[PDB]
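K.L.:
Dropping in entry.cif, which is mmCIF, C-alpha atoms:
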```cif
data_coords
#
loop_
_atom_site.label_atom_id
_atom_site.label_comp_id
_atom_site.auth_asym_id
_atom_site.auth_seq_id
_atom_site.Cartn_x
_atom_site.Cartn_y
_atom_site.Cartn_z
CA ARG A 1 0.00 0.00 0.00
CA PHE A 2 0.93 3.66 -0.52
CA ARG A 3 1.15 6.07 2.42
CA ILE A 4 -0.70 9.37 1.83
CA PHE A 5 0.12 12.31 4.11
CA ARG A 6 -1.94 15.50 4.23
CA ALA A 7 -2.24 18.61 6.36
CA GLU A 8 -5.24 18.68 8.68
CA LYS A 9 -8.13 19.70 6.45
CA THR A 10 -9.28 22.53 8.70
CA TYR A 11 -6.18 24.40 7.58
CA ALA A 12 -7.08 24.47 3.87
CA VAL A 13 -6.08 27.76 2.21
CA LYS A 14 -8.50 29.65 -0.04
CA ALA A 15 -6.41 32.83 -0.55
CA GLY A 16 -2.82 34.02 -0.34
CA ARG A 17 0.53 32.58 -1.37
CA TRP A 18 1.82 29.46 0.34
CA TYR A 19 4.99 27.37 0.41
CA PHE A 20 6.17 24.03 1.77
CA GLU A 21 9.05 21.66 1.14
CA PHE A 22 9.30 17.97 0.44
CA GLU A 23 12.59 16.14 0.93
CA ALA A 24 13.00 13.09 -1.27
CA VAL A 25 15.10 10.90 1.05
CA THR A 26 14.80 8.00 -1.36
CA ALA A 27 14.46 8.75 -5.11
CA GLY A 28 11.66 6.45 -6.25
CA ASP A 29 7.89 6.56 -6.56
CA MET A 30 6.60 9.55 -4.59
CA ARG A 31 4.38 12.52 -5.48
CA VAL A 32 3.82 15.85 -3.77
CA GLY A 33 1.54 18.83 -4.19
CA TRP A 34 -1.82 20.21 -3.17
CA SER A 35 -5.05 18.34 -2.35
CA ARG A 36 -8.64 19.48 -2.06
CA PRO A 37 -10.16 18.70 1.35
CA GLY A 38 -12.74 15.91 1.02
CA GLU A 39 -2.51 7.65 -7.84
CA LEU A 40 -2.09 11.24 -6.72
CA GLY A 41 -3.31 13.74 -9.30
CA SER A 42 -4.77 11.05 -11.55
CA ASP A 43 -8.12 12.68 -10.81
CA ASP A 44 -9.45 16.13 -9.93
CA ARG A 45 -8.72 15.91 -6.19
CA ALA A 46 -5.04 16.79 -6.25
CA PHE A 47 -2.38 18.62 -8.23
CA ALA A 48 0.99 16.87 -7.92
CA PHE A 49 4.59 16.73 -9.00
CA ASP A 50 5.98 13.27 -9.71
CA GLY A 51 9.72 13.53 -9.22
CA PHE A 52 10.24 9.85 -10.00
CA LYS A 53 9.21 10.17 -13.65
CA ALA A 54 9.29 14.00 -14.01
CA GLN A 55 5.59 14.54 -14.54
CA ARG A 56 2.85 16.88 -13.45
CA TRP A 57 -0.41 15.23 -12.48
CA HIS A 58 -3.89 16.65 -12.49
CA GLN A 59 -6.62 14.68 -14.26
CA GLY A 60 -3.73 12.98 -16.06
CA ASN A 61 0.00 13.31 -16.68
CA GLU A 62 2.42 15.42 -18.73
CA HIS A 63 6.18 15.70 -18.68
CA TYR A 64 7.38 18.46 -16.39
CA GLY A 65 10.62 19.33 -14.67
CA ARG A 66 13.17 16.62 -14.01
CA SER A 67 13.63 13.63 -11.71
CA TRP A 68 14.98 13.88 -8.18
CA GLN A 69 18.07 12.29 -6.73
CA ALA A 70 18.15 11.11 -3.12
CA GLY A 71 18.37 14.09 -0.79
CA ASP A 72 16.81 16.58 -3.20
CA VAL A 73 14.21 19.03 -1.90
CA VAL A 74 11.10 20.08 -3.77
CA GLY A 75 9.58 23.51 -3.07
CA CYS A 76 5.84 23.69 -3.57
CA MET A 77 4.20 27.05 -4.21
CA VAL A 78 0.56 27.97 -4.69
CA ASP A 79 -0.86 31.39 -5.39
CA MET A 80 -4.54 31.09 -4.53
CA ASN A 81 -5.38 34.53 -5.93
CA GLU A 82 -3.80 34.10 -9.36
CA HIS A 83 -4.71 30.39 -9.34
CA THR A 84 -1.23 29.07 -10.12
CA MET A 85 1.19 26.48 -8.79
CA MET A 86 4.96 26.22 -9.22
CA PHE A 87 7.60 23.77 -8.06
CA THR A 88 11.32 24.06 -7.46
CA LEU A 89 13.92 21.30 -7.28
CA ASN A 90 16.83 22.38 -5.08
CA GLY A 91 15.66 25.97 -5.53
CA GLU A 92 15.46 25.86 -9.34
CA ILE A 93 12.06 26.54 -10.88
CA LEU A 94 10.82 23.62 -12.99
CA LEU A 95 9.32 24.16 -16.46
CA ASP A 96 6.86 22.32 -18.66
CA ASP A 97 7.76 21.48 -22.25
CA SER A 98 6.35 24.78 -23.49
CA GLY A 99 8.84 26.60 -21.24
CA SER A 100 6.25 27.75 -18.68
CA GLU A 101 6.93 27.84 -14.97
CA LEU A 102 3.23 27.46 -14.23
CA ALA A 103 2.90 23.81 -13.31
CA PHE A 104 -0.85 24.29 -13.03
CA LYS A 105 -3.04 27.30 -13.65
CA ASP A 106 -6.62 28.51 -13.89
CA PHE A 107 -7.97 26.00 -11.36
CA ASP A 108 -11.03 26.74 -9.24
CA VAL A 109 -10.50 27.59 -5.57
CA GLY A 110 -13.36 25.39 -4.38
CA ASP A 111 -12.87 24.63 -0.68
CA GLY A 112 -9.16 25.47 -0.91
CA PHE A 113 -6.06 23.28 -0.70
CA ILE A 114 -3.84 21.49 1.77
CA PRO A 115 -0.33 20.06 1.26
CA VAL A 116 -0.29 16.37 0.32
CA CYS A 117 2.22 13.69 -0.60
CA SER A 118 2.19 10.05 -1.53
CA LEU A 119 4.93 7.56 -0.68
CA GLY A 120 5.16 4.34 -2.65
CA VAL A 121 6.70 1.06 -1.62
CA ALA A 122 9.95 1.46 0.35
CA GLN A 123 9.96 5.23 -0.19
CA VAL A 124 10.92 7.90 2.30
CA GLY A 125 9.88 11.52 1.84
CA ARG A 126 9.15 14.26 4.33
CA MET A 127 7.02 17.40 4.17
CA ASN A 128 8.26 20.45 6.02
CA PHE A 129 5.70 23.21 6.56
CA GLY A 130 8.37 25.53 7.98
CA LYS A 131 7.16 26.08 11.55
CA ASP A 132 10.87 26.64 12.09
CA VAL A 133 11.50 28.68 8.99
CA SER A 134 15.28 28.17 9.27
CA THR A 135 14.81 24.45 8.53
CA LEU A 136 13.49 25.22 5.05
CA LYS A 137 16.39 24.66 2.67
CA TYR A 138 15.44 26.56 -0.48
CA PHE A 139 12.81 29.06 0.66
CA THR A 140 15.30 31.94 0.73
CA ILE A 141 16.46 31.09 -2.82
CA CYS A 142 12.95 30.93 -4.21
CA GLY A 143 9.80 31.58 -2.19
CA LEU A 144 10.62 34.25 0.37
CA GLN A 145 11.26 37.25 -1.87
CA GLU A 146 8.39 36.13 -4.06
CA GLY A 147 5.95 36.60 -1.17
CA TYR A 148 5.02 32.98 -0.39
CA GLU A 149 4.39 32.15 3.27
CA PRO A 150 5.45 28.87 4.87
CA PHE A 151 2.32 26.77 5.31
CA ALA A 152 2.99 26.47 9.06
CA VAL A 153 2.02 30.13 9.35
CA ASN A 154 -1.54 28.99 8.67
CA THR A 155 -1.49 26.12 11.18
CA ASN A 156 -0.20 27.84 14.31
CA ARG A 157 -3.71 28.95 15.33
CA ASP A 158 -5.73 26.17 17.01
CA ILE A 159 -8.74 28.13 18.34
CA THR A 160 -11.88 29.21 16.47
CA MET A 161 -14.68 31.57 17.49
CA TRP A 162 -18.31 32.10 16.66
CA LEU A 163 -21.01 34.60 17.60
#
```
Just give me the structure as structure tokens.
P.N.:
Amino acid sequence: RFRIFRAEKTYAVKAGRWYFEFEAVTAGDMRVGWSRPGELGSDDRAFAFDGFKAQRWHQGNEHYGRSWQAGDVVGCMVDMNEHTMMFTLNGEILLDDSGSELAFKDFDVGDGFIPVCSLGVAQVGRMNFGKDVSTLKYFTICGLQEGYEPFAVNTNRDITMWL
């Protein structure tokens, strides 16, 4: 079986610019990206980078970026206002075959998104939401100046209020 990891769904983002990292400890079959709350990216429920085969997945697959080596770190960026997603591999922005840095675009906000990843057999990968921002490895190279916030910024609050 595959192991699927996701942020707590209450923390889904519907606006703003958000960043997290995924360390590929092994270099095989894993995927990482953004999931709606409710084969990652084979359907409409997630938008994912496949660093094993160098593909972007949403409702199907296309070549995008390049494959990881063990120890590489993927940066995952979503702009919920412009409706775009980008990925970096060791800080370098990945492109599709048309030369675009927009991994995905023009999606509907719906109920928002949470970070997600999938780990296949014998795979090891770790999401870092940046609660300790200094543990992010490539955020200062690409993410910080561009105005993306570490996803942990959205998960520090644990109280809600009504009336």
K.L.:
What are the closest atom pairs, with distances in Å to one decimal, for each residue of range 58-159 of chain A lying within 6 Å of range 36-48 of chain A, using all atoms listed in the file, rows by chain and rising residue number, as JSON lines?
P.N.:
```
{"residue": "A:58", "atom": "CA", "partner": "A:41", "partner_atom": "CA", "distance": 4.4}
{"residue": "A:59", "atom": "CA", "partner": "A:43", "partner_atom": "CA", "distance": 4.3}
{"residue": "A:60", "atom": "CA", "partner": "A:42", "partner_atom": "CA", "distance": 5.0}
{"residue": "A:113", "atom": "CA", "partner": "A:36", "partner_atom": "CA", "distance": 4.8}
```
K.L.:
Separation of CA of residue 3 in chain A and CA of residue 121 in chain A, in Å?
P.N.:
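One can read the CA of residue 3 in chain A to CA of residue 121 in chain A distance as 8.5 Å.
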K.L.:
Restricting the calculation to only C-alpha atoms: of A:21, A:151, A:100, A:112, which residue gets closest to residue 136 in chain A?
P.N.:
A:21
K.L.:
When you count all atoms listed in the file, which of these residues is closest to residue 68 in chain A: A:94, A:161, A:27, A:127?
P.N.:
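Of the candidates, the smallest distance to residue 68 in chain A is held by A:27.
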K.L.:
Give me, as a list in words, all polymer residues having an atom no more than 7 Å from residue 18 in chain A, counting only C-alpha atoms and skipping those fewer than 5 positions away in the same chain.
P.N.:
residues 77, 78, 79, 148, 149, 150 and 151 of chain A
K.L.:
Could you work out how far CA of residue 50 in chain A lies from CA of residue 14 in chain A, giving the answer in Å with one decimal?
P.N.:
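If I compute the distance from CA of residue 14 in chain A to CA of residue 50 in chain A, I get 23.9 Å.
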K.L.:
Skip residue 154 in chain A itself and residues of its chain fewer than 5 positions away, then list as a list in words all residues within 12 Å of it, counting all atoms listed in the file.
P.N.:
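Near residue 154 in chain A, the qualifying residues are residues 7, 8, 9, 10, 11, 12, 13, 14, 15, 16, 17, 18, 19, 20, 113, 114, 115, 129, 130, 131, 148 and 149 of chain A.
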K.L.:
May I have the residues within 9 Å of residue 70 in chain A as number ranges by chain, using only C-alpha atoms and disregarding those fewer than 5 positions away in the same chain?
P.N.:
A: 23-28
K.L.:
Can you tell me how far CA of residue 29 in chain A sits from CA of residue 88 in chain A, in Å to one decimal?
P.N.:
17.9 Å
K.L.:
Quick one: residues within 12 Å of (18.9, 26.8, 5.6) (file frame), counting all atoms listed in the file, please, as a PyMOL selection string.
P.N.:
chain A and resi 21+73+90-91+130+132-141
K.L.:
Go ahead and dump the residues you just picked, C-alpha atoms, as a PDB file, in the frame of the given file.
P.N.:
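Once written, out-v4.pdb looks like this:
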```
ATOM      1  CA  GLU A  21       9.050  21.660   1.140  1.00  0.00           C
ATOM      2  CA  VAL A  73      14.210  19.030  -1.900  1.00  0.00           C
ATOM      3  CA  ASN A  90      16.830  22.380  -5.080  1.00  0.00           C
ATOM      4  CA  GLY A  91      15.660  25.970  -5.530  1.00  0.00           C
ATOM      5  CA  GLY A 130       8.370  25.530   7.980  1.00  0.00           C
ATOM      6  CA  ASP A 132      10.870  26.640  12.090  1.00  0.00           C
ATOM      7  CA  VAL A 133      11.500  28.680   8.990  1.00  0.00           C
ATOM      8  CA  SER A 134      15.280  28.170   9.270  1.00  0.00           C
ATOM      9  CA  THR A 135      14.810  24.450   8.530  1.00  0.00           C
ATOM     10  CA  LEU A 136      13.490  25.220   5.050  1.00  0.00           C
ATOM     11  CA  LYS A 137      16.390  24.660   2.670  1.00  0.00           C
ATOM     12  CA  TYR A 138      15.440  26.560  -0.480  1.00  0.00           C
ATOM     13  CA  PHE A 139      12.810  29.060   0.660  1.00  0.00           C
ATOM     14  CA  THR A 140      15.300  31.940   0.730  1.00  0.00           C
ATOM     15  CA  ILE A 141      16.460  31.090  -2.820  1.00  0.00           C
TER      16      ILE A 141
END
```
K.L.:
Could you list, as a PyMOL selection string, every residue matched by the PyMOL selection byres ((chain A and resi 85) around 6) in this structure?
P.N.:
chain A and resi 77-78+84+86+102-104
K.L.:
Quick one: 6 Å padding each side, axis-aligned, all listed atoms of range 97-109 of chain A - centre and edge lengths in Å to one decimal, as lines of an AutoDock Vina configuration file?
P.N.:
```
center_x = -1.1
center_y = 25.0
center_z = -14.5
size_x = 31.9
size_y = 19.0
size_z = 29.9
```
K.L.:
Point out the residue among A:56, A:1, A:89, A:71 with the least atom-to-atom distance to residue 124 in chain A, counting all atoms listed in the file.
P.N.:
A:71
K.L.:
Please evaluate the PyMOL selection byres ((chain A and resi 32) around 7) against the displayed coordinates and give the resulting residues as a PDB file with C-alpha atoms, keeping the file's coordinate frame.
P.N.:
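So the final result, stored in result_15.pdb, reads:
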```pdb
ATOM      1  CA  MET A  30       6.600   9.550  -4.590  1.00  0.00           C
ATOM      2  CA  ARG A  31       4.380  12.520  -5.480  1.00  0.00           C
ATOM      3  CA  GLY A  33       1.540  18.830  -4.190  1.00  0.00           C
ATOM      4  CA  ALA A  48       0.990  16.870  -7.920  1.00  0.00           C
ATOM      5  CA  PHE A  49       4.590  16.730  -9.000  1.00  0.00           C
ATOM      6  CA  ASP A  50       5.980  13.270  -9.710  1.00  0.00           C
ATOM      7  CA  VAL A 116      -0.290  16.370   0.320  1.00  0.00           C
ATOM      8  CA  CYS A 117       2.220  13.690  -0.600  1.00  0.00           C
ATOM      9  CA  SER A 118       2.190  10.050  -1.530  1.00  0.00           C
TER      10      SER A 118
END
```
K.L.:
Quick check on the file I pasted: which residues fall under the PyMOL selection byres ((chain A and resi 64) around 6)? Write them as a short mmCIF file (atom, residue, chain, number, x, y, z; two decimals) with C-alpha atoms, in the coordinates of the input.
P.N.:
```
data_model
loop_
_atom_site.label_atom_id
_atom_site.label_comp_id
_atom_site.auth_asym_id
_atom_site.auth_seq_id
_atom_site.Cartn_x
_atom_site.Cartn_y
_atom_site.Cartn_z
CA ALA A 54 9.29 14.00 -14.01
CA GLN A 55 5.59 14.54 -14.54
CA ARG A 56 2.85 16.88 -13.45
CA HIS A 63 6.18 15.70 -18.68
CA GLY A 65 10.62 19.33 -14.67
CA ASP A 96 6.86 22.32 -18.66
#
```
K.L.:
Point out the residue among A:156, A:145, A:123, A:35 with the least atom-to-atom distance to residue 6 in chain A, counting all atoms listed in the file.
P.N.:
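Looking only at the distances to residue 6 in chain A, the closest residue turns out to be A:35.
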